[PDB]
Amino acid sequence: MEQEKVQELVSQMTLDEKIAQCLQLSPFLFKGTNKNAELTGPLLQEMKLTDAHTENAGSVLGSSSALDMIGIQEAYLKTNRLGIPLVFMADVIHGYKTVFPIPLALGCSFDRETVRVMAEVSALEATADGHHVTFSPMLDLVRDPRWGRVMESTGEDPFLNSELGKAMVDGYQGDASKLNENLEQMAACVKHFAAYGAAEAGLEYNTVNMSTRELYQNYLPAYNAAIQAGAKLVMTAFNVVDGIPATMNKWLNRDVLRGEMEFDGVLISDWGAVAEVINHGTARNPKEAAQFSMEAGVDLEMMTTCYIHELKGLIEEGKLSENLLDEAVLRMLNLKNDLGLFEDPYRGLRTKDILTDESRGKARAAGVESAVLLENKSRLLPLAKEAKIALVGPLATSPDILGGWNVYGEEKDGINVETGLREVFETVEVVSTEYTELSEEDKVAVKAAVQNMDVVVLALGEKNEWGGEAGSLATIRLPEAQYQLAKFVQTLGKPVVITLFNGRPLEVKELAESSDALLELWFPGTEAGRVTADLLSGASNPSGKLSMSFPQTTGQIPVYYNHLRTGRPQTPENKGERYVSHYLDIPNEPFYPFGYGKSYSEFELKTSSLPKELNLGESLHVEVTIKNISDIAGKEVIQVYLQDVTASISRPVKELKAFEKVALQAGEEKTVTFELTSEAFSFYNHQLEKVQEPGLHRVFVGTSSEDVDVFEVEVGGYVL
C-alpha cells in the first residue's frame, strides 16, 4: 500500500497499540499457535502480559511452521483493531531445512556465489514455511576461537566478511525494493551491532574493549557493507561497546548506525538485551532500561517487557518524547509494507520448495567448496574407489553433522559419513567410538578393522553444542580421547586420513602429526557424508582456504594474519636473538595461516606489469594469469593483499583487498583482473578521518597470506 496510508496508520494508533507494536514474542504466547500451547499460560503470567498486549504485539519470533504462522496470523487479524499484520522472524543462519555448511566454513569457500546460493535456497525454503525475516548475516569479526560463536562468522578478515556479507544479503533479499513481490526472497537482519566477537578471553557475553579507531577500522566494516547493500534490519549486541551496552548506546546506534551509516530500518534488540542493560549496571530498573533503549533508537524489544510495562509512564511523565515511539512504529509498519503484508499477510502461503533434490545438490556443492585440505602427504588423497576403508571414530556414524545454529533442519534427513562412503567405496568397515572416551574394547575393534583394510578414514569432531551461543571453550582442543585415538590409529601401520568436523579452529598439530592427510569439513550440513565421500574419492577436488588462523596452541590467541609489525619484528635475519617479538615455547606463526588450503591440482600464477607510481584517488588494476599445470581439474583462490609501509598509524603487514576463486581444467589458463580502488589504500587516522596518505605500498598476489609475490607501488602526485 502507499506511504500516506502507512503514515495515517501511525496517526490512528493508540498509545498502547504503538507501544505493543514495539514488542516481539515467541509463537506460543499468541492464540492460534499450533505448538506449545502448554507453555502459554505460565509464561503470560511470568511476563505479566494481557490479551491487550499480545493482540497488539509487533512481531513473532521463531514460529515452528507455515501452519503455526497461518494459525497465529489468522487469529491475530481476527481481533486486531486496525489490521496491522504481524511480521514473523526466524534464525535462518546457514539453511532452513536444507542445511548448508556453517558460516565459518562458508567463509573458507572464498566464494561469493556459493554464499549467495546458500542464502537464496534458505530464503526460498523459509518463505515457504512462513517466515518474513532471517536473523542473518552474522558479521562479527572474530580473532578468538575460544568463543563458540565463531561458527557464525566468516572469520578474521573484514574485507572477506564484508564481501560474503553482501552476497548473503543479496541472496536473502534479491532486489530489496521488490520484497512485496519476490515472495521467495526475504528480509535480512544484520547482527550483532557491534564488535561482539571481541569478547574478552572468548567468554560468552564478556566485555569488549577497543579504541574507536579500531572499531571503525576492523569491527564496523562488514556491518556497513551489508547495510549499504540493502539489509532491512539490524540487531543490537549483548556486549558493552566502550563501557556502554550496545543496546542502550546512543552514540553507536543514533550517531553511527542511523547517522553515519544512514540506516533507516528496524533496530531490534537481541534477546532480552534491553532488560539486561540492568545487569550490566547501566540502568537501575526497567524504566531506565526502556528509556535509554528508546533514546538509542531500539525499535523492537525481543522477548522482554521494559517497553510494554514502562513506555506509557515515561511518555506521560515527559521523560521521553512520543515522537521517538512514532518513529519506531513507522519503521515497523514500513518493514511490513516492504514485505507486502498489507496486501498478503501470509506472503503467498509451497511445501514443494522444501528439501528438493536440487537444493540438496546445492548444499552439497557448498560443502565441497568450503572444506579445507590441510595436509596430504605423498598423495594419499584422493583415494581409489576400490581402496578398502576402515572408517573409525566418533564421526563415523554420528548424525551430528549439520552444525550449530540449526534451528529447523533435521538430523534424520542428514547423510552421515558411513552412508556417504558406502555409496562410493566398495569395501568399508566401520568402528564407531565415543566423543569423549577411548576404551580397551575400542582399541581391539579398531585394530581388527584396520588390519583387514588398506586405509584408515579417522573421523574426529566436536559435538555442535560445544560451540554456538554460550559454548565457550577455554582450551581449544578436542576431547583428549580423540587425540589418543589418533595416536593409536597411527601405530597400526596403514595410511591415515583424518576427516575433522567442528565449529572452530582447534589445536590440530597433533592431528596433522599423527596422520597422512587432514581434511577439515567443519560441519557441512545435510549432505555431509556425500561432501566427505566426493572429496575423499576425487569426485570433488578440495578448494577451500582458511578464513580463520589455526593457532599453535590456546595461548597464542589472538593470532591473525593482518597484524601489526611491532617495533621489534622477528625477521629471518634476527630469528634466534632474545630481544625480538617472540615466544620462548612456540612459533609466532599460527599452525595454519589465513588463506591456506591445499588442492589435488597444481597451479602457477603470473602477475602482469604493474605501474611503479599511482596518483592519490586512483585505482590499481591488477592482472593475473593462472594456469593449472596438473592433470586434474581444480579451483584456486587468487588473493591480493596490500600493505601500507609507512603511515600516521601503525598499519597491518598485509590486508586482504581482493580475491577470486578460479575454476580450471587440466592444462587450462585464465586471466582475471582486480581493481583496488583508492579506498583499498585508505585507513582511519587518529582523528577518525577515512584518509589516503601519499607513500609506498606493497601489493602481494598469491594463493594464501604467506604464498605470494610482492610488488611495490609509490602513491603520490595529485588526487582523482
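Start at 1 and count along the sequence shown; that's the residue number.
K.L.:
Among the other entries of this protein that model both neighbours of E55, is it absent from at least a third?
P.N.:
No, modelled in all of them.
K.L.:
For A37, do at least a third of the other compared PDB entries give no atomic coordinates?
P.N.:
Per the records, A37 goes unmodelled in at least a third of the other entries.
K.L.:
None, 1 to 3, 4 to 9, or 10 or more: how many residues of the deposited sequence lack coordinates between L349 and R350?
P.N.:
Gap size class: 4 to 9 residues without coordinates, per the record.
K.L.:
Would you tell me which stretch averages the higher CA B-factor in the PDB entry, 263-271 or 315-323?
P.N.:
Higher mean C-alpha B-factor: 315-323.
K.L.:
Comparing 356-364 with 498-506, which stretch shows the greater average C-alpha B-factor in the deposited entry?
P.N.:
According to the PDB entry, the answer is 356-364.
K.L.:
So among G468, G202, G95, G340, who wins on Cα B-factor in the entry?
P.N.:
Highest CA B-factor of the listed options: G340.
K.L.:
In terms of recorded Cα temperature factor, pick the maximum from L676, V653, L49, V60.
P.N.:
Most elevated C-alpha B-factor of the set, per the entry: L49.
K.L.:
Quick check on the deposited entry: does the C-alpha B-factor of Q24 sit in the lowest, middle or highest third of its chain?
P.N.:
It belongs to the middle third of the chain when residues are ordered by C-alpha B-factor.
K.L.:
Pull the Cα B-factor of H582 out of the PDB entry and bin it into the chain's lowest, middle or highest third.
P.N.:
According to the entry, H582 has a C-alpha B-factor in the chain's lowest third.
K.L.:
For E156, return the chain-relative third of its C-alpha B-factor as stated in the PDB record: lowest, middle or highest.
P.N.:
For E156, the deposited C-alpha B-factor lands in the lowest third.
K.L.:
Going by what the PDB entry lists, where does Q173 fall on CA B-factor within its chain: lowest, middle or highest third?
P.N.:
Answer is middle: the recorded C-alpha B-factor places it there.
K.L.:
Within this chain's modelled residues, let me know which third the CA B factor of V699 belongs to: lowest, middle or highest.
P.N.:
Middle third of the chain for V699's C-alpha B-factor.
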